[PDB]
file data08.cif (mmCIF, C-alpha atoms and all ligand atoms)
data_run
#
loop_
_atom_site.label_atom_id
_atom_site.label_comp_id
_atom_site.auth_asym_id
_atom_site.auth_seq_id
_atom_site.Cartn_x
_atom_site.Cartn_y
_atom_site.Cartn_z
CA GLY Y 355 -111.13 117.24 107.55
CA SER Y 356 -113.10 120.45 107.04
CA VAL Y 357 -110.31 122.74 108.30
CA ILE Y 358 -107.66 124.43 106.14
CA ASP Y 359 -104.58 125.86 107.89
CA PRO Y 360 -104.12 129.61 107.20
CA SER Y 361 -100.50 128.95 106.13
CA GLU Y 362 -101.83 126.80 103.24
CA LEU Y 363 -103.39 129.88 101.61
CA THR Y 364 -101.94 132.79 99.67
CA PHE Y 365 -104.07 135.91 99.08
CA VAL Y 366 -103.33 137.12 95.56
CA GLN Y 367 -105.90 139.79 94.65
CA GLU Y 368 -109.52 140.84 95.21
CA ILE Y 369 -111.74 139.60 92.37
CA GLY Y 370 -115.09 140.98 93.58
CA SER Y 371 -117.69 141.29 96.33
CA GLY Y 372 -120.67 139.08 97.17
CA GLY Y 375 -118.48 139.81 101.34
CA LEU Y 376 -114.98 140.07 99.87
CA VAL Y 377 -113.70 137.45 97.40
CA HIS Y 378 -110.03 136.88 96.55
CA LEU Y 379 -108.16 134.89 93.99
CA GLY Y 380 -105.69 132.81 95.99
CA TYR Y 381 -103.44 129.78 95.87
CA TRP Y 382 -103.84 126.59 97.91
CA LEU Y 383 -100.48 125.02 98.82
CA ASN Y 384 -98.79 127.48 96.40
CA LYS Y 385 -99.93 125.46 93.36
CA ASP Y 386 -103.69 125.56 92.84
CA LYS Y 387 -105.94 128.53 92.14
CA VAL Y 388 -108.81 128.90 94.60
CA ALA Y 389 -111.47 131.48 95.39
CA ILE Y 390 -111.27 132.65 98.99
CA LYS Y 391 -114.52 133.99 100.40
CA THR Y 392 -114.13 136.07 103.57
CA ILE Y 393 -117.27 137.09 105.51
CA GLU Y 405 -122.11 123.01 110.94
CA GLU Y 406 -123.71 124.44 107.78
CA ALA Y 407 -120.22 124.18 106.24
CA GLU Y 408 -120.13 120.44 107.03
CA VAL Y 409 -123.33 119.91 105.03
CA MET Y 410 -121.92 122.12 102.24
CA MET Y 411 -118.75 120.04 101.78
CA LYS Y 412 -120.79 116.85 101.49
CA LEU Y 413 -122.52 118.47 98.50
CA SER Y 414 -120.25 117.22 95.74
CA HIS Y 415 -121.35 117.46 92.10
CA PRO Y 416 -119.47 118.52 88.92
CA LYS Y 417 -122.05 121.28 88.28
CA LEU Y 418 -121.81 122.73 91.78
CA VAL Y 419 -118.96 125.05 92.76
CA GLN Y 420 -117.08 122.93 95.27
CA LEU Y 421 -116.31 124.08 98.81
CA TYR Y 422 -112.84 122.72 99.57
CA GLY Y 423 -112.62 123.69 103.24
CA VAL Y 424 -112.99 126.35 105.91
CA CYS Y 425 -110.16 128.38 107.38
CA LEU Y 426 -111.16 128.72 111.04
CA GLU Y 427 -107.88 130.06 112.45
CA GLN Y 428 -108.43 133.44 110.79
CA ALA Y 429 -110.51 136.54 111.53
CA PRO Y 430 -112.79 136.85 109.83
CA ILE Y 431 -113.12 133.16 108.90
CA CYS Y 432 -113.04 132.27 105.22
CA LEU Y 433 -114.28 129.57 102.88
CA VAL Y 434 -112.09 128.08 100.17
CA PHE Y 435 -113.83 127.36 96.87
CA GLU Y 436 -113.20 125.88 93.45
CA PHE Y 437 -111.87 128.64 91.19
CA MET Y 438 -114.05 129.50 88.20
CA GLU Y 439 -111.93 131.44 85.72
CA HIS Y 440 -114.67 133.14 83.69
CA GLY Y 441 -116.59 134.65 86.62
CA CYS Y 442 -120.34 135.20 86.92
CA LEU Y 443 -122.70 133.77 84.30
CA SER Y 444 -124.62 137.07 84.23
CA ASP Y 445 -121.41 138.98 83.39
CA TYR Y 446 -120.26 136.33 80.90
CA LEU Y 447 -123.55 136.32 78.99
CA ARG Y 448 -123.47 140.12 78.68
CA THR Y 449 -119.80 140.32 77.61
CA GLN Y 450 -120.15 137.45 75.12
CA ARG Y 451 -123.57 138.60 73.81
CA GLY Y 452 -123.95 137.94 70.08
CA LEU Y 453 -121.53 135.00 70.08
CA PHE Y 454 -123.95 132.35 71.39
CA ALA Y 455 -125.66 129.62 69.41
CA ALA Y 456 -128.97 128.36 70.87
CA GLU Y 457 -127.42 124.91 71.43
CA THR Y 458 -124.73 126.41 73.70
CA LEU Y 459 -127.33 128.33 75.72
CA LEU Y 460 -129.32 125.11 76.16
CA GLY Y 461 -126.14 123.38 77.40
CA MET Y 462 -125.73 126.15 79.99
CA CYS Y 463 -129.28 125.54 81.23
CA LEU Y 464 -128.59 121.80 81.28
CA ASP Y 465 -125.48 122.38 83.42
CA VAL Y 466 -127.46 124.40 85.98
CA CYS Y 467 -130.36 121.93 85.94
CA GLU Y 468 -127.98 119.04 86.71
CA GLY Y 469 -126.57 120.92 89.71
CA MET Y 470 -130.07 121.86 90.86
CA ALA Y 471 -131.36 118.28 90.47
CA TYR Y 472 -128.53 117.17 92.79
CA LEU Y 473 -129.49 119.83 95.39
CA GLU Y 474 -133.17 118.88 95.08
CA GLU Y 475 -132.29 115.22 95.69
CA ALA Y 476 -130.14 116.30 98.65
CA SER Y 477 -133.02 118.34 100.16
CA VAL Y 478 -131.21 121.66 99.74
CA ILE Y 479 -133.07 124.78 98.65
CA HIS Y 480 -130.88 127.34 96.89
CA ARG Y 481 -133.19 130.31 97.66
CA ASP Y 482 -131.37 132.78 95.38
CA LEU Y 483 -130.92 130.99 92.05
CA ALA Y 484 -130.01 133.52 89.35
CA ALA Y 485 -127.39 133.87 86.61
CA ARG Y 486 -125.45 136.20 88.97
CA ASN Y 487 -125.05 133.20 91.31
CA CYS Y 488 -123.75 130.81 88.66
CA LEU Y 489 -120.10 130.68 87.61
CA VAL Y 490 -118.35 129.89 84.31
CA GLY Y 491 -115.36 127.55 84.15
CA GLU Y 492 -113.23 125.69 81.62
CA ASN Y 493 -114.90 124.87 78.29
CA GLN Y 494 -117.77 127.22 79.23
CA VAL Y 495 -119.05 124.82 81.93
CA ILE Y 496 -121.65 126.47 84.19
CA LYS Y 497 -121.77 125.66 87.90
CA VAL Y 498 -124.25 126.70 90.56
CA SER Y 499 -122.76 128.74 93.41
CA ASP Y 500 -123.73 130.19 96.81
CA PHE Y 501 -126.17 127.39 97.67
CA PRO Y 521 -134.51 139.55 94.76
CA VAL Y 522 -138.18 139.65 93.68
CA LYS Y 523 -137.44 139.20 89.96
CA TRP Y 524 -136.47 135.56 90.64
CA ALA Y 525 -139.00 134.83 93.39
CA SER Y 526 -142.09 132.62 93.01
CA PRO Y 527 -145.50 134.05 94.09
CA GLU Y 528 -145.50 132.01 97.32
CA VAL Y 529 -141.98 133.22 98.17
CA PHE Y 530 -142.43 136.99 97.72
CA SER Y 531 -145.83 136.85 99.47
CA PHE Y 532 -145.32 134.30 102.26
CA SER Y 533 -141.64 133.23 102.22
CA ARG Y 534 -142.69 129.68 101.29
CA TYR Y 535 -139.49 128.09 99.95
CA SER Y 536 -139.14 124.66 98.34
CA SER Y 537 -137.28 123.04 95.45
CA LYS Y 538 -140.35 124.21 93.47
CA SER Y 539 -139.65 127.85 94.33
CA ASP Y 540 -136.10 127.16 93.07
CA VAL Y 541 -137.73 125.81 89.87
CA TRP Y 542 -139.44 129.18 89.33
CA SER Y 543 -136.06 130.89 89.77
CA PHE Y 544 -134.52 128.41 87.28
CA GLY Y 545 -137.17 129.46 84.72
CA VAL Y 546 -136.06 133.06 85.15
CA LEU Y 547 -132.41 131.91 84.84
CA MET Y 548 -133.31 130.07 81.61
CA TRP Y 549 -134.70 133.39 80.39
CA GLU Y 550 -131.49 135.19 81.43
CA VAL Y 551 -129.42 132.60 79.56
CA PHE Y 552 -131.47 132.62 76.33
CA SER Y 553 -131.74 136.46 76.37
CA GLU Y 554 -127.93 136.63 76.71
CA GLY Y 555 -127.91 138.36 80.10
CA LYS Y 556 -130.85 140.74 79.80
CA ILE Y 557 -132.35 141.90 83.10
CA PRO Y 558 -135.80 140.31 83.67
CA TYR Y 559 -138.72 142.76 84.04
CA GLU Y 560 -136.37 145.66 83.24
CA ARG Y 562 -139.58 147.47 87.00
CA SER Y 563 -139.81 147.99 90.77
CA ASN Y 564 -140.28 145.19 93.32
CA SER Y 565 -143.89 146.27 93.92
CA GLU Y 566 -144.56 146.24 90.16
CA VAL Y 567 -143.02 142.78 89.61
CA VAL Y 568 -145.09 141.45 92.54
CA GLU Y 569 -148.25 142.86 90.95
CA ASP Y 570 -147.27 141.67 87.44
CA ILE Y 571 -146.66 138.07 88.57
CA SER Y 572 -149.66 138.07 90.94
CA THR Y 573 -151.95 138.78 87.97
CA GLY Y 574 -150.54 136.29 85.45
CA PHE Y 575 -147.90 138.30 83.56
CA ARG Y 576 -144.93 136.25 82.35
CA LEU Y 577 -141.60 137.07 80.69
CA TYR Y 578 -141.91 137.07 76.90
CA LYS Y 579 -139.93 134.58 74.79
CA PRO Y 580 -136.29 135.46 73.99
CA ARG Y 581 -135.37 135.31 70.28
CA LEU Y 582 -132.94 132.42 70.72
CA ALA Y 583 -135.39 130.32 72.74
CA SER Y 584 -137.39 127.86 70.64
CA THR Y 585 -141.13 127.32 71.05
CA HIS Y 586 -140.22 124.14 72.96
CA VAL Y 587 -137.78 125.87 75.34
CA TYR Y 588 -140.34 128.61 76.07
CA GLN Y 589 -142.99 126.08 77.09
CA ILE Y 590 -140.45 124.55 79.51
CA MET Y 591 -139.86 128.09 80.87
CA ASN Y 592 -143.60 128.68 81.29
CA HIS Y 593 -143.99 125.37 83.12
CA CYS Y 594 -141.42 126.66 85.64
CA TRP Y 595 -143.65 129.72 86.10
CA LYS Y 596 -146.93 128.01 87.05
CA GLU Y 597 -148.63 129.93 89.89
CA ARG Y 598 -148.91 126.77 92.02
CA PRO Y 599 -145.62 125.08 93.10
CA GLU Y 600 -147.42 121.75 92.66
CA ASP Y 601 -147.93 122.50 88.93
CA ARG Y 602 -144.21 123.15 88.34
CA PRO Y 603 -141.96 120.25 87.34
CA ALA Y 604 -139.27 119.04 89.76
CA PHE Y 605 -135.64 119.44 88.65
CA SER Y 606 -135.50 115.67 88.08
CA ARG Y 607 -138.24 116.05 85.45
CA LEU Y 608 -136.75 119.23 83.95
CA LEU Y 609 -133.43 117.41 83.53
CA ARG Y 610 -135.07 114.65 81.47
CA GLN Y 611 -136.82 117.28 79.34
CA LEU Y 612 -133.70 119.39 78.79
CA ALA Y 613 -131.60 116.30 77.95
CA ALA Y 614 -134.24 115.08 75.47
CA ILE Y 615 -133.75 118.12 73.19
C1 LIG Y 701 -116.68 131.26 94.43
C2 LIG Y 701 -115.83 131.46 93.20
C3 LIG Y 701 -115.65 132.61 92.50
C4 LIG Y 701 -114.78 132.34 91.43
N1 LIG Y 701 -114.30 133.21 90.43
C5 LIG Y 701 -114.77 134.50 90.20
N2 LIG Y 701 -115.73 135.01 90.91
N3 LIG Y 701 -116.24 136.30 90.71
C6 LIG Y 701 -117.33 136.78 91.58
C7 LIG Y 701 -118.27 135.64 92.00
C8 LIG Y 701 -119.31 136.16 93.01
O1 LIG Y 701 -118.65 136.79 94.11
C9 LIG Y 701 -117.82 137.91 93.77
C10 LIG Y 701 -116.71 137.45 92.82
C11 LIG Y 701 -115.76 137.11 89.74
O2 LIG Y 701 -116.21 138.23 89.58
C12 LIG Y 701 -114.65 136.63 88.89
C13 LIG Y 701 -114.07 137.42 87.89
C14 LIG Y 701 -113.02 136.91 87.14
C15 LIG Y 701 -112.38 137.73 86.05
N4 LIG Y 701 -113.34 138.10 84.99
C16 LIG Y 701 -113.79 136.96 84.16
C17 LIG Y 701 -112.86 136.69 82.96
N5 LIG Y 701 -112.63 137.94 82.21
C18 LIG Y 701 -111.79 137.66 81.03
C19 LIG Y 701 -112.02 138.97 83.05
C20 LIG Y 701 -112.94 139.31 84.23
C21 LIG Y 701 -112.54 135.63 87.38
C22 LIG Y 701 -113.09 134.83 88.36
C23 LIG Y 701 -114.15 135.32 89.13
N6 LIG Y 701 -114.47 131.07 91.49
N7 LIG Y 701 -115.11 130.50 92.59
#
call {"tool": "encode", "arguments": {"input": "data08.cif", "output": "C-alpha cells"}}
result
Amino acid sequence: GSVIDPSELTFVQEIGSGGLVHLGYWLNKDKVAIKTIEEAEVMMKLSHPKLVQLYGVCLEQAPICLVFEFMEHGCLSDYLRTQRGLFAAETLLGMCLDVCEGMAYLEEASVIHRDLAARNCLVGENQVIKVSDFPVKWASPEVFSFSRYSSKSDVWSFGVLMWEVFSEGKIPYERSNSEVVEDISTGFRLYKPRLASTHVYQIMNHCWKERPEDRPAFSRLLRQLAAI
C-alpha cells in the first residue's frame, strides 16, 4: 500500500536540504530521493508524468521519510543558472509547458501548490521538468495581504516561474519583502526577459492580473502554451 519497509531502502548520500534529502536505492536497484523530516494518501493518488511521484512512506523509522522519484539534474532554478547561455527559446517554452501540464493536473484535482517556483521544480531525463513539493516574490496580491490561496494564486506564481525560466534563472525583483509588496500593490510588473517573445510576455502578464478572477486557469494556459 502506502508503506515502504525500512529494509527496502539504502541511504547513499545527502544531496541537499529542503529537511534532509538523500539519494538512495529502493530494493537495491532503483535510484530514489529519500526525504526525511492522511495527507500522504492524497499525495500518492496524485499521479502525473509532470509531477514528481511519491512512491511511498517509510513509517517504521524515526524520523519518518517519504520516498520520491529521483530527478537526476536537481532543481530547475540551479539548472537554469548553471546552463545559462545554452538555452533556445523553444526549450524554455517546453519547460513552461511541462510545469503547466503538472499544474493543470493539480488544479483539476483541487490541489493548491502554494509555493510554486523554479526552486520547487526538478529536472529529469531529456530535460523534462516536473513540479515538486506540492516567499513574497512569487505571491499574488491576495496571498501576501490576506493569505487567500487558490489555483489562481498558483497561476500568479506560475507567471513568475515563466519569468525565471525565460530569464535563465534570474532572481525576480532582485528587493525586500516590504518593497515587493508595495511594488506589486501599485501595479509594477516584472519586465520582459530577452528570450521571451511578445506573445509569451502577454501570457506572463495575464498571470499577473491583480484580480484572481482575471487570471487564466491552468487549463486555459495549457491550451495557450501548446498553441505556440
Ligand atoms: C524529491 C527529489 C529530489 C531529487 N533530486 C535532487 N534533488 N535536489 C534538491 C531538491 C530539493 O530538496 C533538496 C535536494 C538536488 O539538489 C539534487 C542535486 C543533484 C546533483 N546536481 C545536479 C546535476 N549536476 C550535474 C550535479 C549537481 C541531483 C539530484 C538532486 N529527485 N527527487
call {"tool": "residues_near_ligand", "arguments": {"input": "data08.cif", "ligand": "ligand LIG 701 (chain Y)", "cutoff": "7 Å", "atoms": "only C-alpha atoms and all ligand atoms", "output": "mmCIF file with C-alpha atoms, in the coordinates of the input"}}
result
data_model
loop_
_atom_site.group_PDB
_atom_site.id
_atom_site.type_symbol
_atom_site.label_atom_id
_atom_site.label_comp_id
_atom_site.auth_asym_id
_atom_site.auth_seq_id
_atom_site.Cartn_x
_atom_site.Cartn_y
_atom_site.Cartn_z
ATOM 1 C CA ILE Y 369 -111.740 139.600 92.370
ATOM 2 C CA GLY Y 370 -115.090 140.980 93.580
ATOM 3 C CA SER Y 371 -117.690 141.290 96.330
ATOM 4 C CA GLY Y 372 -120.670 139.080 97.170
ATOM 5 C CA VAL Y 377 -113.700 137.450 97.400
ATOM 6 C CA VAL Y 388 -108.810 128.900 94.600
ATOM 7 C CA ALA Y 389 -111.470 131.480 95.390
ATOM 8 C CA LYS Y 391 -114.520 133.990 100.400
ATOM 9 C CA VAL Y 419 -118.960 125.050 92.760
ATOM 10 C CA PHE Y 435 -113.830 127.360 96.870
ATOM 11 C CA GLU Y 436 -113.200 125.880 93.450
ATOM 12 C CA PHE Y 437 -111.870 128.640 91.190
ATOM 13 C CA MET Y 438 -114.050 129.500 88.200
ATOM 14 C CA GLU Y 439 -111.930 131.440 85.720
ATOM 15 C CA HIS Y 440 -114.670 133.140 83.690
ATOM 16 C CA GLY Y 441 -116.590 134.650 86.620
ATOM 17 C CA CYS Y 442 -120.340 135.200 86.920
ATOM 18 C CA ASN Y 487 -125.050 133.200 91.310
ATOM 19 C CA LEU Y 489 -120.100 130.680 87.610
ATOM 20 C CA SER Y 499 -122.760 128.740 93.410
#
call {"tool": "closest_residue", "arguments": {"input": "data08.cif", "among": "Y:531, Y:444, Y:553, Y:543", "to": "residue 592 of chain Y", "atoms": "only C-alpha atoms"}}
result
Y:543
call {"tool": "closest_residue", "arguments": {"input": "data08.cif", "among": "Y:538, Y:387, Y:581, Y:598", "to": "residue 454 of chain Y", "atoms": "all atoms listed in the file"}}
result
Y:581
call {"tool": "residues_around", "arguments": {"input": "data08.cif", "residues": "residue 495 of chain Y", "least_positions_apart": "2", "cutoff": "10 Å", "atoms": "only C-alpha atoms", "output": "number ranges by chain"}}
result
Y: 416-417, 438, 440, 443, 461-462, 465-466, 489-493, 497
call {"tool": "axis_aligned_box", "arguments": {"input": "data08.cif", "around": "segment 432-439 of chain Y", "padding_each_side": "6 Å", "output": "JSON"}}
result
{"center_x": -113.1, "center_y": 129.1, "center_z": 95.5, "size_x": 14.4, "size_y": 18.4, "size_z": 31.5}
call {"tool": "closest_residue", "arguments": {"input": "data08.cif", "among": "Y:588, Y:595, Y:552, Y:422", "to": "residue 528 of chain Y", "atoms": "only C-alpha atoms"}}
result
Y:595
call {"tool": "residues_around", "arguments": {"input": "data08.cif", "residues": "residue 358 of chain Y", "least_positions_apart": "3", "cutoff": "6 Å", "atoms": "only C-alpha atoms", "output": "list in words"}}
result
residues 423, 424 and 425 of chain Y
call {"tool": "closest_residue", "arguments": {"input": "data08.cif", "among": "Y:607, Y:429, Y:365, Y:600", "to": "residue 382 of chain Y", "atoms": "all atoms listed in the file"}}
result
Y:365
call {"tool": "closest_residue", "arguments": {"input": "data08.cif", "among": "Y:485, Y:447, Y:548, Y:609", "to": "residue 587 of chain Y", "atoms": "only C-alpha atoms"}}
result
Y:548
call {"tool": "closest_residue", "arguments": {"input": "data08.cif", "among": "Y:420, Y:537, Y:526, Y:606", "to": "residue 568 of chain Y", "atoms": "all atoms listed in the file"}}
result
Y:526
call {"tool": "residues_around", "arguments": {"input": "data08.cif", "residues": "residue 573 of chain Y", "least_positions_apart": "3", "cutoff": "12 Å", "atoms": "only C-alpha atoms", "output": "ChimeraX atom specification"}}
result
/Y:527,566-570,576,596-597
call {"tool": "residues_near_point", "arguments": {"input": "data08.cif", "point": "(-97.4, 122.9, 101.3)", "cutoff": "10 Å", "atoms": "all atoms listed in the file", "output": "PDB file with C-alpha atoms, keeping the file's coordinate frame"}}
result
ATOM      1  CA  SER Y 361    -100.500 128.950 106.130  1.00  0.00           C
ATOM      2  CA  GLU Y 362    -101.830 126.800 103.240  1.00  0.00           C
ATOM      3  CA  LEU Y 363    -103.390 129.880 101.610  1.00  0.00           C
ATOM      4  CA  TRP Y 382    -103.840 126.590  97.910  1.00  0.00           C
ATOM      5  CA  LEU Y 383    -100.480 125.020  98.820  1.00  0.00           C
ATOM      6  CA  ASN Y 384     -98.790 127.480  96.400  1.00  0.00           C
ATOM      7  CA  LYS Y 385     -99.930 125.460  93.360  1.00  0.00           C
TER       8      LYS Y 385
END
call {"tool": "atom_distance", "arguments": {"input": "data08.cif", "atom1": "atom CA of residue 355 of chain Y", "atom2": "atom CA of residue 482 of chain Y"}}
result
28.3 Å
call {"tool": "residues_around", "arguments": {"input": "data08.cif", "residues": "residue 463 of chain Y", "least_positions_apart": "3", "cutoff": "8 Å", "atoms": "all atoms listed in the file", "output": "list in words"}}
result
residues 459, 460, 466, 467, 547, 548, 551 and 612 of chain Y
